[PDB]
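First up is the structure itself, then whatever we jot down about it.
Protein chains: 2
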Amino acid sequence: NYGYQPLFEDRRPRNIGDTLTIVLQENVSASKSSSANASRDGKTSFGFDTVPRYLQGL
Amino acid sequence: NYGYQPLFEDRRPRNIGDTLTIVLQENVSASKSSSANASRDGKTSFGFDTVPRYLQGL
Numbered sequence: 059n060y061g062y063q064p065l066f067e068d069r070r071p072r073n074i075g076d077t078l079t080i081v082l083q084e085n086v087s088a089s090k091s092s093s094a095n096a097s098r099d100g101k102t103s104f105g106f107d108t109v110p111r112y113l114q115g116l
Numbered sequence: 059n060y061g062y063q064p065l066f067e068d069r070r071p072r073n074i075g076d077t078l079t080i081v082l083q084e085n086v087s088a089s090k091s092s093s094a095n096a097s098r099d100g101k102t103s104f105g106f107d108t109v110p111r112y113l114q115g116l
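Line order of the protein sequences matches chains A and B. When the letters of the first sequence are read in order and numbered with full-length UniProt numbering, they come out as residues 59 to 116. When the letters of the second sequence are read in order and numbered with full-length UniProt numbering, they come out as residues 59 to 116.
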């Protein structure tokens, strides 16, 4: 004797020892990315190629 | 016995121990960028290639 068994209810595990099918379908995909940058360029110049006479002391 | 179980309400977790499915879907993307620049160019010239006689002292 197996006890009350339903007639229209789906066949589910109910007690200890009942078997159940597991469809293993795992798909995990995690990602991360990052970046940082900095730049700085400078040029300076001053040339008195021909100095006038009133400014040759400076 | 499991207590009052609704019939048309969706199957939600209500008490401690109930299971809930989480669909992990994260998509975060932050960005920032900036720049600055400056420039300055100068030329000056004066040439008395042929100096007139009344101006040869200056």
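Note that the Cβ used here is the ideal one computed from N, Cα and C, for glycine as well.
Item	Value
Beta-carbon proximity check, residue 78(B) vs residue 71(B), cutoff 7 Å	yes
C-alpha gap between residue 103(B) and residue 99(A), whole angstroms	29 Å
Cα-Cα separation between residue 105(B) and residue 105(A), rounded to whole angstroms	17 Å
Selection from 95(A), 97(A), 94(A), 101(A) that minimises the alpha carbon distance to residue 97(B)	101(A)
Contact test: residue 103(A) Cβ vs the ligand PLP heavy atom, cutoff 6 Å	Although the ligand PLP was asked about, the structure shown includes no ligands whatsoever.
Member of 94(B), 80(B), 62(B) whose CA lies at the smallest distance from the CA of residue 73(B)	62(B)
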